[PDB]
Amino acid sequence: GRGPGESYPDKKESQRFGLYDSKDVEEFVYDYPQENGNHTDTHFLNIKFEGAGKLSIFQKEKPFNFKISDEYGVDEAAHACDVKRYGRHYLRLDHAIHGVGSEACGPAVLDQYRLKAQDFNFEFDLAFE
Amino acid sequence: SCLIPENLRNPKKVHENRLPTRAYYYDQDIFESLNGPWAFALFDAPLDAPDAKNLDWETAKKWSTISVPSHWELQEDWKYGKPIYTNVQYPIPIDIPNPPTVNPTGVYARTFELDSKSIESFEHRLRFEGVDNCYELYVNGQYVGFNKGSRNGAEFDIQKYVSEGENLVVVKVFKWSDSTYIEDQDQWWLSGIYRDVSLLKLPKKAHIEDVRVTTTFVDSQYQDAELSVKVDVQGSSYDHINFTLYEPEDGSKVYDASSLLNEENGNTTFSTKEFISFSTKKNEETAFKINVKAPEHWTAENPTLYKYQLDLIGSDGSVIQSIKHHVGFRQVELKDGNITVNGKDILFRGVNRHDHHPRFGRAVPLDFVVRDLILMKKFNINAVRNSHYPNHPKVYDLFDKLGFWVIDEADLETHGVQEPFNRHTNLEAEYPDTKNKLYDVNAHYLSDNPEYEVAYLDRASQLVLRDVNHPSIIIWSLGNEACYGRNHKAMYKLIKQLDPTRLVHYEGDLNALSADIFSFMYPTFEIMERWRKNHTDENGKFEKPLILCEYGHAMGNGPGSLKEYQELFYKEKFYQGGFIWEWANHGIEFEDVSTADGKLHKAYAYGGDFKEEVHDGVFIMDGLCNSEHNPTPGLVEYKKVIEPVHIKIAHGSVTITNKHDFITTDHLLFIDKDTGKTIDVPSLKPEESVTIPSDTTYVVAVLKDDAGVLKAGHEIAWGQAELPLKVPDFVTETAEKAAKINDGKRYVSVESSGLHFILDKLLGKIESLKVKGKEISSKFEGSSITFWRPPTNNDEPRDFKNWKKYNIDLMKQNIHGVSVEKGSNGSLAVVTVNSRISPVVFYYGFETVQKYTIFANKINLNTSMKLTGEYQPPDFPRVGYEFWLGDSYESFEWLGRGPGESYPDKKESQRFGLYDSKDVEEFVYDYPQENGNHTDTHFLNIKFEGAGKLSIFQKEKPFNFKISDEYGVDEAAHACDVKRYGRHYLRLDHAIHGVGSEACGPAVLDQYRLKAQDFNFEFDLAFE
Ligand SMILES: OC[C@H]1O[C@@H](O)[C@H](O)[C@@H](O)[C@H]1O
Ligand SMILES: [Mg+2]
Ligand SMILES: [Mn+2]
Ligand SMILES: [Mn+2]
Ligand code: NA
Ligand code: NA
Ligand code: NA
Ligand code: NA
Ligand code: NA
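Taken in order, these protein sequences are the chains called A and D.
Position one of the first sequence corresponds to residue 897 (PDB author numbering), numbered consecutively onward.
Position one of the second sequence corresponds to residue 2 (PDB author numbering), numbered consecutively onward.
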């Protein structure tokens, strides 16, 4: 998919397509904790387990979004050090994600990047090696 | 300690309500199998398990099922945990006699149907062939009894508890108990009902309980024998017994898996050829003794058996019960200080065999045991030691029929008591003549502990009484590595009392105070030899002989020097041979992520793979066969050294000596392999020899006809005349051809017609050598001459440590000068390289001169290496060149030893011949290590696709070579972890270090060590 860093519907084109390894990437820490670490236009995701191979994940007919982290309490966290962390990781596996825009000062997320309220239909395979 | 149940912490509570041990006989009419799926649940500890006195079938019915027999650490998806491997160390804390409070408890349940008539007709028993570690038994919500002894059997009377219709059997199985302390064999820790369970239906009013068969020669000349038969009948309602002995079937009988496993009787008419009959009379002793006229001897080389039928007969004259079995006429004695069978002082050509299967563990299907034993016979083995416990009772008939000398061993090892001592005192090494003093200090915990006497005696009683009628068993053994104490003496007394006919072995009893035999494990020759002399008096008499119950540790590449052990065996009457440790690697099949691949592969697990708290790593992988129970080069070598016929060819003569104990050479066809025509060889008795004049180079001794489990044409023994190193008649092109020579800044170039030679002066590296369409180049990382090999299991404890310490893997070639001159005596050019070959951080190294003499069709490489500097390593793994082979490379062919690998102290089974790489299956080691070397190579031909061959040979002396594409062997934990290049390389070596057995035993013997010294050798690279 897109990488090496994070990507969003209206902020993704600098992240070229390729095969990426989590180990090769320095995850970006925001000064003010907020939504981060999403990968958009993901063709497939491999999750490696110690001595048990990989879990391959892909979405039918359309690329998907994902984040893998151990973080929480990001909403209330004022600074990087305020961010809480679980004792295990989670996968956030998303069909779709709202754009990012510049509305703190400037235009709202453009119409074609807004995740508009509508019906959702999507199929995922969880393929185990 | 009320949170651990009394019976799990009481050494005297060996069983409750178990029937006395009797001789095992399988009978299809009496044995009903209870194997199959059983309800099963696992609990953290006994207190979480249900009270079986209240457990309904309706309740148990709802549990998951497990299949009996099997271990619960070997289930689909490891549902009930994983195997644990320890060698010495206990996997629990030591607090004798307490097990851990957290103690895995498995509860088994199933039902069986009983008839109205069945309860009237039969006494009903339950028989369990083996359950690890111990268990309590319930029938119909009622407690029947308790049992300990994981590899012993147990019977329980069920008559009182049985009901018409549905009956419920519940078995509570515990992983740890006081028994754990005496079950510490170097093997996998595995639990559950791992052997057969049976319902026995014996005739009620009267039935045969026990039988005892002995064959004793009346005479000093081992001819006439007394056959004694003692029957214990239970109940009153019988008249007498009949005995019918049948005419013998010669030990050369043909068998196969099918006929060996056939269990049919009842309506099958056992035999017809009646030899002897006998009847007891009403109200008389149900035993007798009969004089037998010059019977056919039973022997491991010729296992001749007389079948018999024993009938219990009622008042009406009908047959109440039959036993169909066999007699083996043989007698074992300690005679003139030797173990003697039928007067003859025998030689053990033995092996230690554990119960192991790569998928089922110790729950080995009989099919697979037959596989083991056939393979043993195919590789010249004649003896088996049941290390270190009795096997499934049905195995012993296999020994009887196939012919093995058997040491049946008590289920008792106490080794773990030593571990804290070993660590506290920083103990490095144990030696066979001295080590018993280290065990003496801890004997008081168990083997000298009076609380354990009942248990120790039980292991002895159970061992002997179950297997007492098998002629193949000639020695009872008190266990393994359990120190020495009063309990061992008690065991000895009991065994002689129960079975006076056999000898007693116990290695832990150094001075054989309560044993009949001396026994060492892994001794040096010096140590064997001192012992001999201290136990041979002035007359030349000895009182007891020495065996090696374990020697030639077969872990990985090895063992080395089986030759030198064997020379000792044949030389002295005092030595009666030994048993290799071990028959097969204990690998368990599992899925490993590959280091090379990032993918999942089938592999064979040892310690660490199942992520144990404590484990002993690769030490489980120490067999002559691999985890899949197939021959390694270790077994191939063993077959040769122990071959029962010697064939020597020298001075226009073939000398053939018969090295069997009993049989002649008559069954063997001797072929002159140079002509294909047979050699007429007279019938040779044990120890007899004949010299036959002949022009032959290579003689083979082969089986005339199918016999036992061996096929006509099977190779028993062979010999060769020594092959002189002949210089191949390759024609060097010395014609005057102009050559373009460019001695550049860094690279030197020699170009001629069909030739292109480029050398990097900075590195001493051949960038490219392309002669007549064939290309090679240096495989270069630091040096053009390298010294490293992937350490064997034997290398690991010392030699590897030394080589690593001295940085032998980091040898660098530092070029000082390169000299370039025009050719002289037919040569095109002479390129001379002057350098120091030395590892970083060290002084020591070789002042080296490499002289390349270049011809149109040949390159002569003269290597001079002069060892210099302070602080030198003692030895090297190897010394030689590494070359990349060009893309055209397709196969190779060599004159030398083959078809498999060979090493200085492990080579004689690989006979001289011309071998083709295509005809050979390359052996894969379970643990990746040094492999695939070919020693004593006369010449090597490397074939390139549509470009002919490159012939390689060393002047005045044969050489060593390996051709592979493999790397990353050092770090590879399993076969699947081994990395592979996109092209092949040649490892071309002047010399190579021996292999030895130092993982456990003697170091590589002095004459096989590649000692640090100057090296001088010349190679020709001849291009077709
Ligand atoms: O492989 C090491 C072997 O060493 C012996 O001393 C022992 O009796 C064997 O059972 C095994 O532990
Ligand atoms: Mg041991
Ligand atoms: Mn803060
Ligand atoms: Mn591996
Ligand atoms: Na925040
Ligand atoms: Na052990
Ligand atoms: Na001998
Ligand atoms: Na071992
Ligand atoms: Na390795």
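C-beta: ideal position from N, C-alpha, C; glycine also.
Legend entry - Delimiting residues of the beta strand (DSSP E) encompassing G897(D): Locating residue 897(D) in the second sequence gives position 896, where the first residue counts as 1. Per DSSP, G897(D) belongs to the beta strand (DSSP E) from 890-898.
Inset, instruction - Within the same chain, show all residues whose beta-carbon is closer than 8 Å to that of residue 1(D), passing over the 5 residues directly before and after it, in chain order. - result: Missing from the structure shown is residue 1(D); chain D here goes from 2 to 1025 and no further.
Inset, instruction - Starting from the N-terminal end, write out each residue whose C-beta falls within a distance shorter than 7 Å of any non-hydrogen atom of ligand 5. - result: Any heavy atom of ligand 5 within less than 7 Å of a residue's beta carbon puts that residue on the list, which reads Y928(A), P929(A), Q930(A), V970(A), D971(A), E972(A), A973(A), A974(A).
Legend entry - Start and end residues, beta strand (DSSP E) containing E592(D): Counted from its first residue, the second sequence places residue 592(D) at position 591. Looking at the DSSP string, the run of the beta strand (DSSP E) that includes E592(D) is 589-594.
Legend entry - Expected contact under 8 Å - CB spacing of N934(D) and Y904(D) to nearest Å: Position 933 of the second sequence, counted from the start, is the residue given in the question as residue 934(D). Position 903 of the second sequence, counted from the start, is the residue given in the question as residue 904(D). Yes, they are in contact, since the Cβ atoms of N934(D) and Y904(D) sit about 6 Å apart, within 8 Å.
Legend entry - Cutoff 6 Å; reference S238(D); Cβ partners in own chain excluding five residues on either side: Numbered from its first residue, the second sequence carries residue 238(D) at position 237. The beta carbon of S238(D) sits closer than 6 Å to the beta carbons of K206, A207 from its chain, once the five residues preceding and following it are set aside; these are given in chain order.
Legend entry - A384(D) vs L464(D) beta-carbon contact at 7 Å: Here residue 384(D) corresponds to residue number 383 of the second sequence, with the count starting at 1. Here residue 464(D) corresponds to residue number 463 of the second sequence, with the count starting at 1. Pairing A384(D) with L464(D) gives a Cβ-Cβ distance that is not under 7 Å.
Inset, instruction - May I ask whether a heavy atom of ligand 6 can be found less than 6 Å away from the beta carbon of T698(D)? - result: What you label residue 698(D) is simply residue 697 of the second sequence in a count that begins at 1. Every heavy atom of ligand 6 is 6 Å or more from the Cβ of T698(D), so no.
Inset, instruction - State the CB to CB distance for the pair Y109(D) and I194(D), rounded to an integer number of angstroms; the pair is presumed to be in contact (CB under 8 Å). - result: Here the question's residue 109(D) lines up with position 108 in the second sequence. Here the question's residue 194(D) lines up with position 193 in the second sequence. Their Cβ separation, rounded to whole angstroms, is 6 Å, which keeps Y109(D) and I194(D) in contact under 8 Å.
Inset, instruction - Let me have the residue list for ligand 8: C-beta closer than 7 Å to any non-hydrogen atom, ordered along the chain. - result: Result (chain order): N88(D), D187(D), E583(D), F620(D), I621(D), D623(D).
Legend entry - Continuous alpha helix (DSSP H) stretch holding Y493(D): start and end: Counted from its first residue, the second sequence places residue 493(D) at position 492. Unbroken alpha helix (DSSP H) run through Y493(D): 487-499.
Inset, instruction - Can you tell me which of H554(D), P560(D), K572(D) puts its alpha carbon nearest to the alpha carbon of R533(D)? - result: The residue given as residue 533(D) occupies position 532 in the second sequence. The option with the nearest alpha carbon to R533(D) is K572(D).
Inset, instruction - Out of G827(D), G774(D), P840(D), point me to the one whose CA is closest to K806(D)'s CA. - result: Residue mapping note: residue 806(D) aligns to position 805 of the second sequence, counting from 1. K806(D) has its Cα closest to that of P840(D), out of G827(D), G774(D), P840(D).
Inset, instruction - Could you check if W885(D) is buried or exposed, using at least 16 other CB atoms within 10 Å of its CB as the buried criterion? - result: Here residue 885(D) refers to the residue found at position 884 when the second sequence is read from its first residue. Buried is the call here.
Inset, instruction - May I ask you to report which of helix, strand or coil DSSP gives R879(D)? - result: The sequence position of residue 879(D) within the second sequence is 878, counting from 1. Note: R879(D) maps to strand in three-state DSSP.
Inset, instruction - Would you verify that the beta carbon of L203(D) is, or is not, closer than 7 Å to some beta carbon of chain A? - result: In the second sequence, residue 203(D) corresponds to position 202, counting from 1. Answer no: the Cβ-Cβ gap between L203(D) and chain A never drops below 7 Å.
Inset, instruction - Would you decide whether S151(D) is buried or exposed? Buried here means 16 or more other CB atoms lie within 10 Å of its CB. - result: Stepping through the second sequence from its first residue, residue 151(D) is reached at position 150. Under this definition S151(D) is a buried residue.
Legend entry - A258(D): first and last residue of the uninterrupted alpha helix (DSSP H) it sits in: Numbered from its first residue, the second sequence carries residue 258(D) at position 257. Note, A258(D): alpha helix (DSSP H), 258-262.
Inset, instruction - For the alpha helix (DSSP H) containing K958(D), list its first residue and its last residue. - result: In the second sequence, counting from the first residue as 1, residue 958(D) sits at position 957. Where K958(D) is concerned, there is no enclosing alpha helix (DSSP H), given that its DSSP letter is neither H nor E.
Legend entry - Residue burial classification, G947(D) (beta-carbon count within 10 angstroms, cutoff 16): Residue 947(D) sits at position 946 when you count from the first residue of the second sequence. Exposed, by the Cβ-count rule.
Legend entry - Whole-Å CB distance - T415(D) paired with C484(D), under 8 Å assumed: Here residue 415(D) refers to the residue found at position 414 of the second sequence. Here residue 484(D) refers to the residue found at position 483 of the second sequence. Rounded, the Cβ-Cβ distance is 6 Å, consistent with contact.
Legend entry - Contact residues within the segment 586-605 of chain D, judged by C-beta distance below 9 Å to chain A: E592, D593, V594, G599, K600, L601
Inset, instruction - From the DSSP output, in three-state form, read off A1000(D) for me. - result: Stepping through the second sequence from its first residue, residue 1000(D) is reached at position 999. Helix.
Legend entry - CB contact below 7 Å: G914(A) versus chain D: Numbered from its first residue, the first sequence carries residue 914(A) at position 18. For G914(A), the answer is no, since every Cβ of chain D falls outside 7 Å of its Cβ.
Legend entry - CB contact check: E1025(A) to chain D, cutoff 7 Å: Within the first sequence, numbered from 1, the residue matching residue 1025(A) stands at position 129. Closer than 7 Å to some Cβ of chain D, the Cβ of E1025(A) qualifies, so yes.
Inset, instruction - Give the range of the alpha helix (DSSP H) segment to which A456(D) is assigned. - result: Taking the first residue of the second sequence as position 1, residue 456(D) is located at position 455. 454-468 is the extent of the alpha helix (DSSP H) around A456(D).
Inset, instruction - Please classify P38(D): does DSSP put it in a helix, a strand, or coil? - result: Sequence index remark: in the second sequence, residue 38(D) carries index 37 (1-based). Three-state DSSP puts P38(D) in a strand.
Legend entry - Nearest residue (CA-CA) to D796(D), options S865(D), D971(D), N266(D), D707(D): Walking along the second sequence from the start, residue 796(D) turns up at place 795. Answer by Cα proximity: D971(D).
Inset, instruction - Quick one: give me the first and last residue of the beta strand (DSSP E) that residue 1(D) is part of. - result: There is simply no residue 1(D) to check, as chain D begins at 2 and stops at 1025 in what is shown.
Legend entry - Contact set between the segment 995-1017 of chain A and chain D, restricted to residues whose Cβ is under 7 Å from the partner: none
Inset, instruction - Please go through the same chain and pick out, in chain order, the residues whose beta-carbon is closer than 6 Å to the beta-carbon of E429(D), but skip the five residues on each side of it. - result: Counted from its first residue, the second sequence places residue 429(D) at position 428. Correct list: empty, nothing qualifies.
Inset, instruction - Below 8 Å CB to CB, which residues in the same chain sit around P394(D) once its five sequence neighbours on both sides are set aside? - result: Against the second sequence, residue 394(D) aligns to sequence position 393. Taken in chain order, the residues that qualify are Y25, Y27, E130, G154, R467, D468.
Inset, instruction - Keeping to the same chain, check which residues put their C-beta closer than 6 Å to that of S918(D); ignore five residues upstream and five downstream. - result: Working through the second sequence from its first residue, we reach residue 918(D) at position 917. Once the five neighbours on either side are set aside, the close Cβ partners of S918(D) are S892, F893.
Inset, instruction - Tell me, please, whether the CB atom of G933(A) is closer than 7 Å to any CB atom in chain D? - result: Numbered from 1 along the first sequence, position 37 holds the residue referred to as residue 933(A). It does not: the Cβ of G933(A) has no partner Cβ on chain D nearer than 7 Å.
Inset, instruction - Give a yes or no on whether the minimum CB-CB distance between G949(A) and chain D is below 7 Å. - result: For the purposes of this step, residue 949(A) is taken as the residue at position 53 of the first sequence. With respect to chain D, the C-beta atom of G949(A) has a partner C-beta closer than 7 Å.
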